[PDB]
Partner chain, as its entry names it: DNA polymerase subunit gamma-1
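Only one chain is shown below, in structure tokens, and it's the form deposited without its partner chain.
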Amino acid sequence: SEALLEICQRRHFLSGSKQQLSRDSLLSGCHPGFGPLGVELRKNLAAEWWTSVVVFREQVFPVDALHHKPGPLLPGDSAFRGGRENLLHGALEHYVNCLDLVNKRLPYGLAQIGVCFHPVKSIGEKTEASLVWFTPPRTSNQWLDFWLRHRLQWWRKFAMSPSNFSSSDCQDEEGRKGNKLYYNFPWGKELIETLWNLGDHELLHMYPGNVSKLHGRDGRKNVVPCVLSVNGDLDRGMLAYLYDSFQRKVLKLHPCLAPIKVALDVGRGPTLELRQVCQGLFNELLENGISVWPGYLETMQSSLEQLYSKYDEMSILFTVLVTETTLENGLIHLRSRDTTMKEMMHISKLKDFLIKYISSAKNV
């Protein structure tokens, strides 16, 4: 029973009047959408998942699975319009050609990140992140044991209290054996990801006919793969990550995640020169790939308290202020979203600063 969800509108993480902010609407995927920051938080979040599963470990590749389903369909079932339910289906279909992609060796998976449609009657839109891992029966229980473990330490990575993220085992959906990751929300836990061991089923359903046209070599042993589908919902995550950045107000979000890094403005200074060197910096930063809020284009001052208590209400790692005292040396000063402190620093070092503060937090 908090207001955090409001702050998500006042600072644009969410859109819509106080009605549409119905925890349902949100959870169930029937909200009107996110505000600029949210988007970024999601775009930001996602890439972090792409770099955490596609980048480094590559012999896994991106797949473009359509949104709707043309042609025929099945007898009844609670489905509307014909658009994708999940991202797995599209993935599978590719399995046979992209199988060439790895000189036909296993294991190997296809990744994608897109929006999926769940009916609730009205529709729902959720941005899920999926990787359909094909496996050699031999090491099938093994990889599941694997990912799960891995995937968990991922989310906990960015948390300010990781232990609210937990794992669980379970069985028989489309086969026994499976896992689930949850985020604990003040009211209760909710599902943010699914990890099942599809076995050679579905796949065989999709490809009736031959058994050889598939089964990619194992270790000289040509065997029909075991479909392992890992599908995690990004909106409900992006949503989870937020409560984790709250209890003053302030949104303590893990840097690499933040919708925007630093924001700069102006203090006891004139104008031109201020928003002179300012322009330069704005460009210096984005140049080096850093999100910056051009506060310096704003009006008055709105005090500094008003200003600080919004930037915090927006999760802006840092808040740097430039005053005429700058143009005579290179002295500006930043206020840490957290340490609420305001050291001073030499502008030109600002650049390499944020770069490493992030470059650091990134490792940790």
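Numbering follows the first chain given and starts at 1.
The same protein has a further form, the form deposited with its partner chain bound, not shown here; the description that follows concerns it.
Colleague: Report the stretch among 226-234, 208-216, 183-191, 145-153 that approaches its partner chain in the deposited bound form to within 4.5 Å, counting heavy atoms only.
Modeller: Stretch with heavy atoms near the partner: 145-153.
Colleague: Scan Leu198, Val266, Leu281, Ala129 and let me know which has any heavy atom within 4.5 Å of its partner chain in the deposited bound form.
Modeller: So the residue touching its partner chain in the deposited bound form, by this definition, is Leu281.
Colleague: Does the trio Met160, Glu287 and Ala361 actually contact its partner chain in the deposited bound form, every residue with a heavy atom within 4.5 Å?
Modeller: The answer is yes; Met160, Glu287 and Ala361 each reach its partner chain.
Colleague: Under a 4.5 Å heavy atom criterion, is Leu26 part of the interface with its partner chain in the deposited bound form?
Modeller: Close contact is absent here: in the deposited bound form, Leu26 is far from its partner chain, nothing within 4.5 Å, heavy atoms only.
Colleague: Taking heavy atoms only, is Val277 within 4.5 angstroms of its partner chain in the deposited bound form?
Modeller: The answer is yes: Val277 has a heavy atom within 4.5 Å of its partner chain.
Colleague: With the partner left out of view, is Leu327 within 4.5 angstroms of its partner chain in the deposited bound form by any non-hydrogen atom?
Modeller: Yes, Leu327 is a contact residue.
Colleague: Going by a heavy atom distance of 4.5 Å, is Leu331 a contact of its partner chain in the deposited bound form?
Modeller: Yes, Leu331 is a contact residue.
Colleague: Within 47-71, which residues have a heavy atom closer than or equal to 4.5 Å from its partner chain in the deposited bound form?
Modeller: Not one residue comes within 4.5 Å of the partner.
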